[PDB]
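Here the Cβ is made from the backbone with ideal geometry for all residues, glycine too, and neighbour counts use every protein chain on show. Coordinate-derived values only; no laboratory data.
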Amino acid sequence: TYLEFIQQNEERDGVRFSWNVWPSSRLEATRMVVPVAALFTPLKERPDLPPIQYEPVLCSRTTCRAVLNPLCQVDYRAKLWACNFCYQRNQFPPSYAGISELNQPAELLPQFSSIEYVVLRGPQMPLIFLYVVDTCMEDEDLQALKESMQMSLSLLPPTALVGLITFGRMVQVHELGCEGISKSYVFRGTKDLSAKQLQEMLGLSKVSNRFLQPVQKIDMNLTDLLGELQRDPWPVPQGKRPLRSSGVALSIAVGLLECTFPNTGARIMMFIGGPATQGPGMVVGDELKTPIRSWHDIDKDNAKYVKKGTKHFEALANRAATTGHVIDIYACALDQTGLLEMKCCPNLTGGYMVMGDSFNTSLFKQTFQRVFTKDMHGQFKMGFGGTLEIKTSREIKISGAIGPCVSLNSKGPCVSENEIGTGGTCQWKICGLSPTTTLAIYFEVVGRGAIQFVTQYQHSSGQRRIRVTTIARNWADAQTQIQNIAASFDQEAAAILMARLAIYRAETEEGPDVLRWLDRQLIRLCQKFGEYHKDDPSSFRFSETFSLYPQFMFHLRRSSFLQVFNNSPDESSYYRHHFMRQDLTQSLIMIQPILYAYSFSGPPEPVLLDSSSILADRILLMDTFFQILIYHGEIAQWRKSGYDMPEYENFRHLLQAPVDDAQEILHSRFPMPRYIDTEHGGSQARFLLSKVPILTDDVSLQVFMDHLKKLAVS
Amino acid sequence: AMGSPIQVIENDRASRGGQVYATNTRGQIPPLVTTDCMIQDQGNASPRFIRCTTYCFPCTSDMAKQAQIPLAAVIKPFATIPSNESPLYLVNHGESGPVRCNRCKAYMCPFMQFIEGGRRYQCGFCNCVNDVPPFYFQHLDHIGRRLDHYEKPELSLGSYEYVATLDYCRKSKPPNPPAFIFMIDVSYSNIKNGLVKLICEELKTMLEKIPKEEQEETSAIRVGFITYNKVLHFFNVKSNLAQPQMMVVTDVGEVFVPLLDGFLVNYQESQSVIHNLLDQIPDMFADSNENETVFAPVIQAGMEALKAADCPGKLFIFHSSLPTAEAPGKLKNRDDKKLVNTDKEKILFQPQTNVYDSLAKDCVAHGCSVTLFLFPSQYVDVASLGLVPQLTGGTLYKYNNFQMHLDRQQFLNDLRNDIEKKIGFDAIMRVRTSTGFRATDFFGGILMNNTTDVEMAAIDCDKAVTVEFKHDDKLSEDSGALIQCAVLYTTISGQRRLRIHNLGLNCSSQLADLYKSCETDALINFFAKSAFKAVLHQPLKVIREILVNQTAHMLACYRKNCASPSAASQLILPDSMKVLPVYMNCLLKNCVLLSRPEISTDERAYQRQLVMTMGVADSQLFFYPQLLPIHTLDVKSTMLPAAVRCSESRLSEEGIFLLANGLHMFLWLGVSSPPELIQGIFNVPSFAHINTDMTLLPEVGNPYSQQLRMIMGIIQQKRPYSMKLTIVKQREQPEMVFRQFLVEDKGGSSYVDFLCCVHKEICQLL
Ligand SMILES: [Zn+2]
Ligand SMILES: [Zn+2]
């Protein structure tokens, strides 16, 4: 089955291609509406694999330099192997000498198409966690945030280096381990600073410090300091906002590591409780009379701080990426914090972006601890400073990537001229990644084709490692075997890959022509792979490999990811940040939420995301990735009437049945979603009904297909 | 054969010491500053507060230009009134504030003639007529004297105090009590020479002695703390702390204060937290290897802290060496000889950067005063460092080549003194005169933006301002010349207050009365500050010529207009100016006006600033030292020994002497000194058994050592700076430094040289 080919390749190689059979010519590849592209998750969870304890054998050609893999022919008599990418003849290391057809090395076995090596760099470096704490928040939020920070401190390895920066009207870089007296370095929260300046002013050498010190040495001192921290002392006048210098404190945070520990793994965890009011990075004015930017404000050219503030964090984000450090942003506040301006920091590095109402909620405390999830061996599920290089067969050229990445602008034979997204390169830099981290690579065409994904990352516990993934797909003559190509179509994966593209166009200067282009392709795909007689819309039918794709486009073009004007600018940034970060499975849940139905007549079964599925005798469980909603059908009266009564044992289990699954999702999912319990006529029923020339308006799914049906046949 | 300075001082002491000087007469001439006498105010301001160069003004402008006698007053407005003399009263005139002339704006004083049944008073200064306000009215007697003339001190006394209503305050709001901020230089220099521990260790004890009035139980002055070594270390010492915090500021280009609360706190509340800080700071920087420091930012910060607290204050800076670190106020080593015959010498006595003037203006605008304890060992540019302490009205203490085993006691005594000093803050002095003349020039540790208001950030009991008058219109020999010095200021308890000084002076068209009413000690005071201030603008050969020619022009005018006819071979001097040639000749011998050989530019700049703040009692001594014979000293029956002329001719190889001028105190020992005395004072057998380098106080000999210790104590009594003792063996010793204080010797030209020099140009006028 092709559905088993997809499931077994996503599970084995962490890859999911839009097509598993490629056209043998650039021309016919262009006419296919969805390009040859794949969702690659470089560190996919795989407990079946051993970590191989030696260096990967590499192709001796300098321009190729690929890794030995099962697709490489082997002549055990001559002790040579031929690289399947450039065809170079390659000798073996003398330690392999005893290699034979039956006792071959691991990297050649097809079971190990994806494999991980353990490198021997020689320097084992500790992890660095730099806290950057906002102190302009009620004593509730700060006291809870101190507990979340003391908790994270307990989970870090003993050798890890911790560092504390706090800010408010001022910015303070604290000296740790300085006992008998508490001392800190202070800077005006209104003036920018470079890393060289900060290196001099703090009195540091070039390239443990007094500011970054091991956990085991300073556990007692930092927890005492953490517990003694109190709010920004400077008072806040009426009708005014606190002077919060978030842009400056981060510029000092990035610089503090840039001149002490460059080119190593580190997290700059910035916790903010409100918008930055004292520039640079200034999000909004200090007076409460003016409100924070709205999508209509920034549209009317009426948000005078956006362009200035973003360019600060923009340049700040590139500095951190070029240095090799992660920037997390934990932003809890009853209003916007400026995530739109700061999104580049967790987007270009591998940082997390966590939103919230307040740090004293079950939502935030739980979400923050999931960051520090440990694996089966007590090591964090984090990796740092990753180089993702991609080699392709000489008939394929890389367009570019989309997701948490920064181009290394390393040209080569695999780089295409016309590039897509973060293109013009064969290498990307991912500062912080997790098993879930998922990019979108885009390819171009000009007996199997092959692609290799090599990822060198710094695993926790300071062990340098290299993750190698080598995949192959079949060549096909599209003038003779369209059917063989259309059978390999991955409608699920092709849906995300296009949404991945359509949202990247939404950040660029391009406007609502995205919907216009998004439908131009959808129509093209129906005309090519659709069964129909011309101008007979009713005659048109879908293959079952394609039927779901138009419904995916429907829920995408009407989703939050492209219709921002019902959300805040920070919300839209929160959504897009996670979507271009997720594997296929969770990405699908985002676009088309999953709706389950529970009733006395049968087990829980997924149902259509339409108002027809809303029935009086039915409990619904909706799952968009960011919220979990439970809807009681007009069952609501059975609930309000209290049927606790021992006679109705079953009705007590029907109410409990969807909640029991909801608690399961409320521990597994990393960005722990908002929970909603509502019912028929409830105030919060709004969150369900809403989730239930240009091609069409906000029209139902049936009319969407009808207009699509009659266009594809003409 | 001229009357020596000693002969004049002891003469006036004989005919005026131990007598009550009652200031009840207009043109009354007070005794010399060198005559210990009791003083009763009786209507005129005491000569301890204000003295004049002439207590009888010339009535017209041309008459003053004839005599060329500078008309000036030396106002020491908070001078220490002795315990046995009547103190000032504080007058409260209700919500209205003190009664003032509507046009003259002079305060109600005994110079106000009440007329018309007491309903109106005529002003004594501008002869304007005012309506007596209803709450202050009283009938008048046959004379007119108000019934309460002797009851209300503002109507009977020359010196008293007023309560200042809110319209006399910044922002029209009751000011806040001041704050002391202690800022310690912690470069390797002050670490090594053990300075840091001492200040800190010694500081714990000293804070207790912070000034406070009798009416309050705890001092209202708050205390702040700072350390630095090219970087600023602020400190948080809030009361609710177990351990003091530190906040280090590195942006020296744009300094700021990182705190408001926990900085400037009440000592008695934060006592344990402060002692915990002072215990640590020695260890904290014990291993600092930093030499470069900053300076102007330190003043920049302590001033900013005071503005942030909306309060006046005083900065206690303890500094070590030349500030070189790249920052505002960065001073270079610029000691290059262009002093004589250059026309540009004025540069050396001026600060290098332009910021120290602006910085000083900012401190005075916010009531911030800087006092500086400098511990140099090399060039420092006293012209630059001390400019802000001078303009802010603060003091400057320089300890050349500090060594702990010697200069410790000297520094601690200067430091205890400056804390307990009776201080007023955010002060502005205004000197109103009667009709015919006005104050036109001011000299002192002051700053002035207009031409009438004399702004003093802080002012103590030792400060003194010299004020010059010029002629506006013709005065009246009937009414004479009036003076009213008013000092508005804020006290150490935060109250707004006016201290008033009234002085009447006589007028006459007869030049005889003008010369008959002159004071030399005050005339010398003016000429020094006039010449010292002119150092900044004109070559020194110009300044010395002006002083000489004005002296001869004063004496010739007396010769050609007053003296009964005498022979041409005689120089004729008035009794008021018997010693004026001696003293004037010593001013021209002083290193401020002398030449490069063997004297640092720092030493010239230090003395140039010291004199600028002096009262007449101090300016007299600094220019003519006191030379006391100790060998001939009576034993156990001792007042102060009689003084002896300042010359090597009055020393004996068998003698022991004590030279002091207010800042240094020398003990001189002849080669044939009686070994009996050397044993009873130094506890060593012979003369050759002493060490000059061991100038610490000796103590053992009961018979004399106590007699020598006793006379040193009474010399030091009235002296604000505690003097650096320096012991001199007679021959081939550090006597060269000593000989410069023998001011009647040659060294420039001697005394008899300048007399003969005066008499040539007194006849050149012909
Ligand atoms: Zn190759
Ligand atoms: Zn008047």
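Below is a table of values for the structure above.
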item: Fewest-first sequence of B:624, A:2 by Cβ atoms within 10 Å of each Cβ; result: A:2, B:624
item: Net charge of neighbours whose Cβ lies under 11 Å from the Cβ of residue B:594, counting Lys and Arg as +1 and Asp and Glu as -1; result: +2
item: Calculated [θ] (222 nm, deg cm²/dmol) that DSSP helices of n ≥ 4 give over the protein assembly as shown, each run adding -39,500 (n - 2.57); result: -9000 deg cm²/dmol
item: Centre separation in Å (Cα based) which lies between segment A:245-297 and segment B:573-624; result: 63
item: Amide proton proximity set for residue B:438, modelled H, under 5 Å, gap of 5+; result: B:470, B:472
item: Cα-based reach from residue A:391 at 16 Å (exclusive), listing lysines while leaving out same-chain residues under 8 positions away; result: A:411, A:429
item: Candidate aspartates and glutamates - alpha carbon under 13 Å from residue B:76, same-chain residues fewer than 8 apart omitted; result: B:460, B:462, B:618
item: Inter-part distance where segment A:513-587 and segment A:99-156 are each reduced to a Cα centre, Å; result: 35
item: Per residue convex hull volume, Cα atoms of chain A, in Å³; result: 194
item: Whole-number D in µm² s⁻¹ for segment A:53-113, Kirkwood Cα-pair radius fed into Stokes-Einstein, 20 °C, 1.002 mPa s; result: 182
item: Longest to shortest principal axis, alpha-carbon extents of segment B:177-421, angstrom; result: 61, 39, 37
item: Estimated vicinal HN-Hα couplings, Hz - segment B:456-462 in sequence order (Karplus 6.51, -1.76, 1.60; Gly, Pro = x); result: 10, 4, 10, 8, 10, 6, 9
item: Rg [Å, one decimal], Dmax [Å, integer] - segment A:222-377, C-alpha atoms; result: 16.4, 53
item: Phi-based couplings in Hz for segment B:498-515 (Karplus 6.51, -1.76, 1.60; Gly and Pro marked x); result: 10, 9, 10, 10, 10, 9, x, 9, 7, 10, 7, 8, 9, 4, 4, 5, 5, 6
item: 10 Å-binned pair-distance histogram of segment A:592-698 (Cα, whole percent); result: 14, 45, 30, 9, 2, 1, 0
item: Among the listed pairs A:307/A:343; B:314/B:529; A:528/A:710; A:217/A:365, those beyond 19 Å (Cα-Cα); result: B:314/B:529; A:217/A:365
item: Antiparallel %, DSSP beta bridges [both residues in chain A], to 5; result: 70
item: Beta bridges per DSSP with both ends in chain B, % antiparallel, nearest 5; result: 65
item: Under 5 Å, built H, 5+ apart or other chain: amide partners of residue A:88; result: A:83
item: Along each principal axis, Cα extent of segment A:311-365, largest first, Å; result: 35, 20, 11
item: Relative frequency of Cα-Cα separations exceeding 20 Å in segment A:319-453, percent; result: 55
item: Volume of the Cα convex hull of segment B:700-766, divided per residue and given in Å³; result: 176
item: Per DSSP, loop GluC sites (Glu not before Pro) in segment A:389-445 with at most 16 further Cβ within 10 Å; result: A:395, A:417
item: Inverse of mean 1/r across different Cα pairs in chain B, Kirkwood, Å; result: 27.9
item: GluC sites (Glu not before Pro) within segment B:1-107: DSSP coil, no more than 16 neighbouring Cβ in 10 Å; result: B:85, B:95
item: DSSP-defined beta bridges in the protein assembly as shown - what % are antiparallel, rounded to 5; result: 65
item: Qualifying GluC sites (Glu not before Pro) in segment A:9-99, DSSP loop, other Cβ atoms within 10 Å at most 14; result: A:45
item: Hydrodynamic radius by Kirkwood, which averages 1/r over all alpha carbon pairs of the protein assembly as shown, in angstrom; result: 40.0
item: Residue order, fewest to most surrounding Cβ atoms within 10 angstrom, among B:231, A:446; result: A:446, B:231
item: Cut-off under 5 Å, modelled amide H: who pairs with residue A:594 long-range; result: A:623, A:624
item: Total formal charge among the other residues, if their Cβ is under 9 angstrom from that of residue A:175, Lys/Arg +1 and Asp/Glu -1; result: +2
item: For segment A:136-215, diffusion coefficient by Stokes-Einstein and Kirkwood Rh (Cα), 4 °C, 1.567 mPa s, µm²/s; result: 89
item: ³J(HN,Hα) computed for each position of segment A:12-19 - Karplus, 6.51 cos²θ - 1.76 cosθ + 1.60, integer Hz, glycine/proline x; result: 7, 10, x, 10, 8, 8, 5, 9
item: 10 Å binning of all Cα-Cα separations within segment B:661-725, expressed as whole percents from 0 upward; result: 19, 51, 27, 3
item: Local electrostatic count at residue A:445 - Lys and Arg +1, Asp and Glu -1, tallied over other residues with Cβ under 10 Å; result: -1
item: Ranking of B:673, A:182 by count of other Cβ atoms within 10 Å, fewest first; result: A:182, B:673
item: Taking the C-alpha atoms of segment B:625-745, convex hull volume expressed per residue in Å³; result: 100
